[PDB]
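Visitor: Once you know that position 51 of the sequence shown is 51 in the deposited numbering, the rest is easy, because the numbers rise by one and skip nothing. Cβ coordinates follow ideal geometry from the N, Cα and C atoms, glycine included.
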Amino acid sequence: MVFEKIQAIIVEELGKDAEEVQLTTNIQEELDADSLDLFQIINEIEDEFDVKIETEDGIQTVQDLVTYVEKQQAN
């Protein structure tokens with residue numbers, strides 16, 4: 001469900017399809033995303049779930065992003 005949301009943010013922010021967004025794949029390389037795009041996706045998930053999303057420290061993959069937002073959002 002969380003990934004559905006993070007995916008929603010990435011899909012909308014990047015205008016890419018949900019199927020195109022892959023957990024095992026890195027967005028910065030897959031979609032040639034820069035720190036700003038990731039920054040915004042994190043700003044968007046921050047605005048959506050408002051959870052501790054550690055980024056710009058090696059996190060540029062849907063798996064780490066989702067795992068981190070989801071793990072951090074957990075009680």
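Could you spell out where the alpha helix (DSSP H) holding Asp57 opens and where it closes?
Guide: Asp57 -> no alpha helix (DSSP H), and no H or E assigned at all.
Visitor: Any idea which residues DSSP pairs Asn26 with across the strands?
Guide: Partner(s): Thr61.
Visitor: Mark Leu65 as exposed unless 16 or more other C-beta atoms lie within 10 angstroms of its C-beta, in which case mark it buried.
Guide: Classification for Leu65: buried.
Visitor: For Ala33, count neighbouring C-beta atoms within 10 Å of its own C-beta (all shown protein chains included) and say buried if the count is 16 or more, exposed if not.
Guide: The residue is buried, with at least 16 neighbouring Cβ atoms inside 10 Å.
Visitor: Are the Cβ atoms of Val21 and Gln40 separated by less than 7 Å?
Guide: Cβ atoms of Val21 and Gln40: not closer than 7 Å.
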